[PDB]
file model-v1.cif (mmCIF, C-alpha atoms)
data_entry
#
loop_
_atom_site.group_PDB
_atom_site.id
_atom_site.type_symbol
_atom_site.label_atom_id
_atom_site.label_comp_id
_atom_site.auth_asym_id
_atom_site.auth_seq_id
_atom_site.Cartn_x
_atom_site.Cartn_y
_atom_site.Cartn_z
ATOM 1 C CA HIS A 213 -81.878 -38.475 31.753
ATOM 2 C CA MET A 214 -81.786 -40.665 28.605
ATOM 3 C CA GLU A 215 -81.431 -37.554 26.328
ATOM 4 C CA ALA A 216 -78.097 -36.705 28.044
ATOM 5 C CA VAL A 217 -76.845 -40.234 27.272
ATOM 6 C CA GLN A 218 -78.088 -40.011 23.680
ATOM 7 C CA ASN A 219 -76.228 -36.768 23.233
ATOM 8 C CA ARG A 220 -72.994 -38.273 24.570
ATOM 9 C CA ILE A 221 -73.393 -41.230 22.145
ATOM 10 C CA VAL A 222 -73.823 -38.970 19.078
ATOM 11 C CA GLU A 223 -70.927 -36.749 20.100
ATOM 12 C CA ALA A 224 -68.644 -39.751 20.648
ATOM 13 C CA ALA A 225 -69.529 -41.198 17.236
ATOM 14 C CA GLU A 226 -68.992 -37.846 15.447
ATOM 15 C CA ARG A 227 -65.415 -37.621 16.750
ATOM 16 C CA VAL A 228 -64.344 -40.793 14.897
ATOM 17 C CA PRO A 229 -62.608 -40.146 11.532
ATOM 18 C CA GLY A 230 -64.988 -41.085 8.661
ATOM 19 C CA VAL A 231 -68.259 -40.466 10.465
ATOM 20 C CA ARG A 232 -70.524 -38.178 8.358
ATOM 21 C CA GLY A 233 -73.293 -37.800 10.815
ATOM 22 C CA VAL A 234 -75.432 -40.071 12.904
ATOM 23 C CA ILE A 235 -78.386 -41.129 10.711
ATOM 24 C CA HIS A 236 -80.175 -43.135 13.465
ATOM 25 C CA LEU A 237 -79.760 -43.924 17.172
ATOM 26 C CA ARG A 238 -82.052 -46.099 19.218
ATOM 27 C CA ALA A 239 -81.055 -46.465 22.923
ATOM 28 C CA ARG A 240 -83.003 -48.050 25.696
ATOM 29 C CA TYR A 241 -82.448 -49.289 29.229
ATOM 30 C CA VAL A 242 -82.321 -52.974 30.126
ATOM 31 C CA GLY A 243 -82.046 -52.617 33.869
ATOM 32 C CA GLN A 244 -79.305 -50.066 34.476
ATOM 33 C CA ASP A 245 -77.576 -50.976 31.177
ATOM 34 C CA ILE A 246 -78.063 -49.302 27.819
ATOM 35 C CA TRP A 247 -78.620 -51.402 24.694
ATOM 36 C CA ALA A 248 -78.239 -49.361 21.526
ATOM 37 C CA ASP A 249 -78.434 -49.554 17.762
ATOM 38 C CA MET A 250 -77.026 -46.887 15.414
ATOM 39 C CA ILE A 251 -76.505 -46.061 11.771
ATOM 40 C CA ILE A 252 -73.669 -43.769 10.772
ATOM 41 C CA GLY A 253 -73.224 -41.828 7.533
ATOM 42 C CA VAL A 254 -69.996 -42.500 5.544
ATOM 43 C CA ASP A 255 -68.371 -41.300 2.241
ATOM 44 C CA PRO A 256 -70.136 -43.294 -0.559
ATOM 45 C CA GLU A 257 -66.699 -43.758 -2.163
ATOM 46 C CA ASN A 258 -65.289 -45.497 0.972
ATOM 47 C CA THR A 259 -64.980 -49.280 0.479
ATOM 48 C CA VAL A 260 -67.272 -51.716 2.230
ATOM 49 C CA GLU A 261 -64.220 -52.774 4.212
ATOM 50 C CA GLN A 262 -63.425 -49.170 5.200
ATOM 51 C CA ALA A 263 -67.027 -48.602 6.296
ATOM 52 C CA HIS A 264 -66.713 -51.732 8.447
ATOM 53 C CA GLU A 265 -63.537 -50.349 10.074
ATOM 54 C CA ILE A 266 -65.266 -47.001 10.825
ATOM 55 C CA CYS A 267 -68.180 -48.863 12.421
ATOM 56 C CA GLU A 268 -65.802 -50.804 14.627
ATOM 57 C CA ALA A 269 -63.974 -47.668 15.570
ATOM 58 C CA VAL A 270 -67.287 -45.980 16.566
ATOM 59 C CA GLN A 271 -68.253 -49.015 18.637
ATOM 60 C CA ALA A 272 -64.997 -48.934 20.532
ATOM 61 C CA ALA A 273 -65.036 -45.085 20.950
ATOM 62 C CA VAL A 274 -68.669 -44.947 22.145
ATOM 63 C CA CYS A 275 -68.382 -47.962 24.503
ATOM 64 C CA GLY A 276 -65.148 -46.567 25.949
ATOM 65 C CA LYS A 277 -66.750 -43.191 26.790
ATOM 66 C CA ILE A 278 -70.227 -44.282 27.889
ATOM 67 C CA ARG A 279 -69.641 -47.044 30.435
ATOM 68 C CA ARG A 280 -73.316 -47.989 31.026
ATOM 69 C CA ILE A 281 -73.618 -49.335 27.461
ATOM 70 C CA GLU A 282 -73.572 -53.178 27.378
ATOM 71 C CA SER A 283 -74.707 -53.685 23.784
ATOM 72 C CA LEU A 284 -73.977 -51.482 20.755
ATOM 73 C CA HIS A 285 -74.495 -52.246 17.061
ATOM 74 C CA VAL A 286 -73.242 -49.836 14.445
ATOM 75 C CA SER A 287 -73.963 -49.973 10.681
ATOM 76 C CA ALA A 288 -73.119 -47.541 7.835
ATOM 77 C CA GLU A 289 -74.962 -45.993 4.955
ATOM 78 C CA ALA A 290 -73.793 -43.557 2.284
ATOM 79 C CA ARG A 291 -74.091 -39.846 3.139
ATOM 80 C CA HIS B 213 -94.106 -74.725 1.167
ATOM 81 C CA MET B 214 -92.077 -71.802 2.597
ATOM 82 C CA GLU B 215 -88.743 -73.636 1.886
ATOM 83 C CA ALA B 216 -89.555 -73.613 -1.872
ATOM 84 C CA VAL B 217 -90.067 -69.828 -1.698
ATOM 85 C CA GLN B 218 -86.860 -69.373 0.304
ATOM 86 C CA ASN B 219 -84.954 -71.313 -2.299
ATOM 87 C CA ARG B 220 -86.350 -69.173 -5.123
ATOM 88 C CA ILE B 221 -85.340 -66.005 -3.193
ATOM 89 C CA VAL B 222 -81.717 -67.161 -2.711
ATOM 90 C CA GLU B 223 -81.416 -68.276 -6.321
ATOM 91 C CA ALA B 224 -82.797 -64.961 -7.600
ATOM 92 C CA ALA B 225 -80.360 -62.978 -5.444
ATOM 93 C CA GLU B 226 -77.354 -65.105 -6.524
ATOM 94 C CA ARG B 227 -78.002 -64.317 -10.198
ATOM 95 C CA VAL B 228 -77.411 -60.571 -9.691
ATOM 96 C CA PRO B 229 -73.870 -59.393 -10.598
ATOM 97 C CA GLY B 230 -71.919 -58.601 -7.381
ATOM 98 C CA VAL B 231 -73.737 -60.981 -5.063
ATOM 99 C CA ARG B 232 -71.211 -63.179 -3.168
ATOM 100 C CA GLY B 233 -73.656 -65.359 -1.404
ATOM 101 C CA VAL B 234 -76.717 -64.887 0.718
ATOM 102 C CA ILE B 235 -75.503 -64.431 4.319
ATOM 103 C CA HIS B 236 -79.024 -64.260 5.864
ATOM 104 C CA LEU B 237 -82.660 -64.585 4.765
ATOM 105 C CA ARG B 238 -85.665 -64.242 7.008
ATOM 106 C CA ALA B 239 -89.061 -64.705 5.245
ATOM 107 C CA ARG B 240 -92.454 -64.968 6.796
ATOM 108 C CA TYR B 241 -96.090 -64.794 5.757
ATOM 109 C CA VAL B 242 -98.327 -61.839 6.570
ATOM 110 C CA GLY B 243 -101.569 -63.221 5.228
ATOM 111 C CA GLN B 244 -100.780 -64.552 1.764
ATOM 112 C CA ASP B 245 -97.907 -62.051 1.336
ATOM 113 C CA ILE B 246 -94.253 -62.629 2.130
ATOM 114 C CA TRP B 247 -92.291 -60.043 4.118
ATOM 115 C CA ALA B 248 -88.558 -60.662 3.955
ATOM 116 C CA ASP B 249 -85.224 -59.384 5.177
ATOM 117 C CA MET B 250 -81.864 -60.402 3.666
ATOM 118 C CA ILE B 251 -78.154 -59.765 3.882
ATOM 119 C CA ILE B 252 -75.990 -60.328 0.833
ATOM 120 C CA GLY B 253 -72.223 -60.812 0.661
ATOM 121 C CA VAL B 254 -70.261 -58.346 -1.551
ATOM 122 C CA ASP B 255 -66.575 -57.708 -2.548
ATOM 123 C CA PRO B 256 -65.020 -55.788 0.423
ATOM 124 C CA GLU B 257 -63.303 -53.541 -2.147
ATOM 125 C CA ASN B 258 -66.662 -52.476 -3.704
ATOM 126 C CA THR B 259 -67.646 -48.927 -2.663
ATOM 127 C CA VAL B 260 -70.483 -48.264 -0.263
ATOM 128 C CA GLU B 261 -72.317 -46.785 -3.230
ATOM 129 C CA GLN B 262 -71.714 -49.905 -5.352
ATOM 130 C CA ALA B 263 -72.948 -52.146 -2.531
ATOM 131 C CA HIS B 264 -76.090 -49.993 -2.392
ATOM 132 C CA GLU B 265 -76.633 -50.467 -6.151
ATOM 133 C CA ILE B 266 -76.233 -54.274 -5.827
ATOM 134 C CA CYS B 267 -78.784 -54.302 -2.998
ATOM 135 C CA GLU B 268 -81.251 -52.391 -5.132
ATOM 136 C CA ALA B 269 -80.657 -54.690 -8.035
ATOM 137 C CA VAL B 270 -81.328 -57.756 -5.806
ATOM 138 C CA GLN B 271 -84.522 -56.159 -4.509
ATOM 139 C CA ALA B 272 -85.807 -55.559 -8.000
ATOM 140 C CA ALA B 273 -84.694 -59.036 -9.288
ATOM 141 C CA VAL B 274 -86.190 -60.948 -6.330
ATOM 142 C CA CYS B 275 -89.479 -58.971 -6.257
ATOM 143 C CA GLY B 276 -89.846 -59.374 -10.025
ATOM 144 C CA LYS B 277 -89.500 -63.185 -9.848
ATOM 145 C CA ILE B 278 -91.368 -63.942 -6.619
ATOM 146 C CA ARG B 279 -94.692 -62.128 -6.948
ATOM 147 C CA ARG B 280 -96.065 -62.927 -3.453
ATOM 148 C CA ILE B 281 -93.376 -60.756 -1.821
ATOM 149 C CA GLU B 282 -94.791 -57.387 -0.629
ATOM 150 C CA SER B 283 -91.855 -56.257 1.506
ATOM 151 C CA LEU B 284 -88.141 -56.923 0.938
ATOM 152 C CA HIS B 285 -85.134 -55.298 2.617
ATOM 153 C CA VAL B 286 -81.650 -56.070 1.397
ATOM 154 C CA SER B 287 -78.361 -55.045 3.083
ATOM 155 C CA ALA B 288 -74.710 -55.923 2.289
ATOM 156 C CA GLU B 289 -71.714 -57.072 4.235
ATOM 157 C CA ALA B 290 -68.180 -57.881 3.098
ATOM 158 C CA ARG B 291 -67.552 -61.478 1.976
#

call {"tool": "encode", "arguments": {"input": "model-v1.cif", "output": "structure tokens"}}
result
Amino acid sequence: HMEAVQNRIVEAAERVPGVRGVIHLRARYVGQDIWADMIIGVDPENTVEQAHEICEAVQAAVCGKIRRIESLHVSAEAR
Amino acid sequence: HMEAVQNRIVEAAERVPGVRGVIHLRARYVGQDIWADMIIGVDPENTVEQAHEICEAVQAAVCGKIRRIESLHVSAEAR
């Protein structure tokens, strides 16, 4: 039930330009809502500002596809 | 007592090349040891890899100056 949602989250993140994998995804229910935290991989040669833009793009992409999510935080690490 | 340690932490971080402020510092005692978490500001045009190197440098600088610290995590955001 949750694994199906986790899979949809990872797939949505991986379709955003600049994502080099999902390093980490924590997702849990608060009532019927999902609260999640994730770390994406990015090109180490991207700027801090570009990494920020990719994170934002993932947040928007994931939240737009998975409507039960009411909190999502995305950070980036080199990969 | 803790504020004096927090001040030493911020000052140690600010002396590392590439640090553009301390955005966030949480520090608490676990017994006599300090466990801390901090966010530094960095140039948005630095690479992800450079930001990583600055974080490492801050970790080493802070831990070397403040000997009671037994856990320190450092991350970076644009500023």

call {"tool": "closest_atom_pairs", "arguments": {"input": "model-v1.cif", "of": "chain A", "to": "segment 280-291 of chain B", "cutoff": "10 Å", "atoms": "all atoms listed in the file", "output": "Markdown table"}}
result
| residue | atom | partner | partner_atom | distance |
| --- | --- | --- | --- | --- |
| A:259 | CA | B:290 | CA | 9.5 |
| A:260 | CA | B:290 | CA | 6.3 |
| A:261 | CA | B:290 | CA | 6.6 |
| A:263 | CA | B:290 | CA | 9.9 |
| A:264 | CA | B:290 | CA | 8.3 |
| A:287 | CA | B:289 | CA | 9.8 |
| A:289 | CA | B:287 | CA | 9.8 |

call {"tool": "closest_residue", "arguments": {"input": "model-v1.cif", "among": "B:251, B:270, B:246, B:237", "to": "residue 225 of chain B", "atoms": "only C-alpha atoms"}}
result
B:270

call {"tool": "residues_near_point", "arguments": {"input": "model-v1.cif", "point": "(-70.3, -46.5, 27.8)", "cutoff": "12 Å", "atoms": "only C-alpha atoms", "output": "ChimeraX atom specification"}}
result
/A:217-218,220-221,224-225,239,244-248,270-284

call {"tool": "calpha_fit_and_write", "arguments": {"input": "model-v1.cif", "fixed": "chain B", "moving": "chain A", "output": "mmCIF file with C-alpha atoms, in the frame of the given file"}}
result
data_model
loop_
_atom_site.group_PDB
_atom_site.id
_atom_site.type_symbol
_atom_site.label_atom_id
_atom_site.label_comp_id
_atom_site.auth_asym_id
_atom_site.auth_seq_id
_atom_site.Cartn_x
_atom_site.Cartn_y
_atom_site.Cartn_z
ATOM 1 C CA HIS A 213 -94.107 -74.725 1.167
ATOM 2 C CA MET A 214 -92.077 -71.801 2.596
ATOM 3 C CA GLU A 215 -88.742 -73.637 1.887
ATOM 4 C CA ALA A 216 -89.555 -73.613 -1.871
ATOM 5 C CA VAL A 217 -90.067 -69.829 -1.698
ATOM 6 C CA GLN A 218 -86.861 -69.373 0.304
ATOM 7 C CA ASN A 219 -84.954 -71.313 -2.299
ATOM 8 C CA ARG A 220 -86.350 -69.173 -5.123
ATOM 9 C CA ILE A 221 -85.340 -66.005 -3.193
ATOM 10 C CA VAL A 222 -81.717 -67.160 -2.712
ATOM 11 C CA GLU A 223 -81.417 -68.276 -6.321
ATOM 12 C CA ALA A 224 -82.797 -64.962 -7.600
ATOM 13 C CA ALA A 225 -80.360 -62.978 -5.444
ATOM 14 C CA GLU A 226 -77.354 -65.105 -6.524
ATOM 15 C CA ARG A 227 -78.002 -64.317 -10.198
ATOM 16 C CA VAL A 228 -77.412 -60.571 -9.690
ATOM 17 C CA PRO A 229 -73.870 -59.393 -10.598
ATOM 18 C CA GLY A 230 -71.919 -58.602 -7.381
ATOM 19 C CA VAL A 231 -73.737 -60.981 -5.064
ATOM 20 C CA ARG A 232 -71.211 -63.178 -3.168
ATOM 21 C CA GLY A 233 -73.656 -65.359 -1.404
ATOM 22 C CA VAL A 234 -76.717 -64.887 0.718
ATOM 23 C CA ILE A 235 -75.503 -64.430 4.319
ATOM 24 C CA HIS A 236 -79.024 -64.260 5.864
ATOM 25 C CA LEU A 237 -82.660 -64.585 4.765
ATOM 26 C CA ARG A 238 -85.664 -64.242 7.007
ATOM 27 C CA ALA A 239 -89.060 -64.705 5.245
ATOM 28 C CA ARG A 240 -92.454 -64.968 6.797
ATOM 29 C CA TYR A 241 -96.090 -64.794 5.758
ATOM 30 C CA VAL A 242 -98.328 -61.839 6.570
ATOM 31 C CA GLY A 243 -101.568 -63.221 5.228
ATOM 32 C CA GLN A 244 -100.781 -64.552 1.764
ATOM 33 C CA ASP A 245 -97.907 -62.050 1.336
ATOM 34 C CA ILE A 246 -94.253 -62.629 2.130
ATOM 35 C CA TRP A 247 -92.291 -60.044 4.118
ATOM 36 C CA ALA A 248 -88.558 -60.662 3.955
ATOM 37 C CA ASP A 249 -85.224 -59.383 5.177
ATOM 38 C CA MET A 250 -81.865 -60.402 3.666
ATOM 39 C CA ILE A 251 -78.154 -59.764 3.882
ATOM 40 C CA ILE A 252 -75.990 -60.328 0.833
ATOM 41 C CA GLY A 253 -72.223 -60.812 0.662
ATOM 42 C CA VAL A 254 -70.261 -58.345 -1.551
ATOM 43 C CA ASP A 255 -66.574 -57.709 -2.548
ATOM 44 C CA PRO A 256 -65.021 -55.788 0.423
ATOM 45 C CA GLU A 257 -63.303 -53.541 -2.147
ATOM 46 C CA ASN A 258 -66.662 -52.476 -3.704
ATOM 47 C CA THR A 259 -67.647 -48.927 -2.664
ATOM 48 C CA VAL A 260 -70.483 -48.264 -0.262
ATOM 49 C CA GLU A 261 -72.317 -46.785 -3.231
ATOM 50 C CA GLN A 262 -71.713 -49.905 -5.351
ATOM 51 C CA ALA A 263 -72.948 -52.146 -2.531
ATOM 52 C CA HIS A 264 -76.090 -49.994 -2.392
ATOM 53 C CA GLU A 265 -76.633 -50.466 -6.151
ATOM 54 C CA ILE A 266 -76.233 -54.274 -5.827
ATOM 55 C CA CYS A 267 -78.783 -54.301 -2.998
ATOM 56 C CA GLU A 268 -81.251 -52.391 -5.132
ATOM 57 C CA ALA A 269 -80.657 -54.690 -8.035
ATOM 58 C CA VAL A 270 -81.328 -57.756 -5.806
ATOM 59 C CA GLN A 271 -84.522 -56.159 -4.509
ATOM 60 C CA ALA A 272 -85.807 -55.558 -8.000
ATOM 61 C CA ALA A 273 -84.693 -59.036 -9.288
ATOM 62 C CA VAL A 274 -86.190 -60.948 -6.330
ATOM 63 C CA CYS A 275 -89.479 -58.971 -6.257
ATOM 64 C CA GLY A 276 -89.845 -59.374 -10.025
ATOM 65 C CA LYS A 277 -89.500 -63.185 -9.848
ATOM 66 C CA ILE A 278 -91.368 -63.942 -6.620
ATOM 67 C CA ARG A 279 -94.692 -62.127 -6.949
ATOM 68 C CA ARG A 280 -96.065 -62.928 -3.453
ATOM 69 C CA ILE A 281 -93.376 -60.756 -1.821
ATOM 70 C CA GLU A 282 -94.792 -57.387 -0.629
ATOM 71 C CA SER A 283 -91.855 -56.257 1.506
ATOM 72 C CA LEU A 284 -88.141 -56.923 0.937
ATOM 73 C CA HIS A 285 -85.134 -55.298 2.617
ATOM 74 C CA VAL A 286 -81.650 -56.070 1.397
ATOM 75 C CA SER A 287 -78.361 -55.045 3.082
ATOM 76 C CA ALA A 288 -74.711 -55.923 2.289
ATOM 77 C CA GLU A 289 -71.714 -57.072 4.235
ATOM 78 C CA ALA A 290 -68.180 -57.882 3.098
ATOM 79 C CA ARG A 291 -67.552 -61.479 1.976
#

call {"tool": "residues_around", "arguments": {"input": "model-v1.cif", "residues": "residue 262 of chain A", "least_positions_apart": "6", "cutoff": "10 Å", "atoms": "all atoms listed in the file", "output": "VMD selection string"}}
result
(chain A and resid 230 254 to 255 268) or (chain B and resid 256 to 257 259 to 260)

call {"tool": "atom_distance", "arguments": {"input": "model-v1.cif", "atom1": "atom CA of residue 228 of chain B", "atom2": "atom CA of residue 240 of chain B"}}
result
22.7 Å

call {"tool": "atom_distance", "arguments": {"input": "model-v1.cif", "atom1": "atom CA of residue 232 of chain A", "atom2": "atom CA of residue 269 of chain A"}}
result
13.6 Å

call {"tool": "closest_residue", "arguments": {"input": "model-v1.cif", "among": "A:258, A:265, A:227, A:253", "to": "chain B", "atoms": "all atoms listed in the file"}}
result
A:258
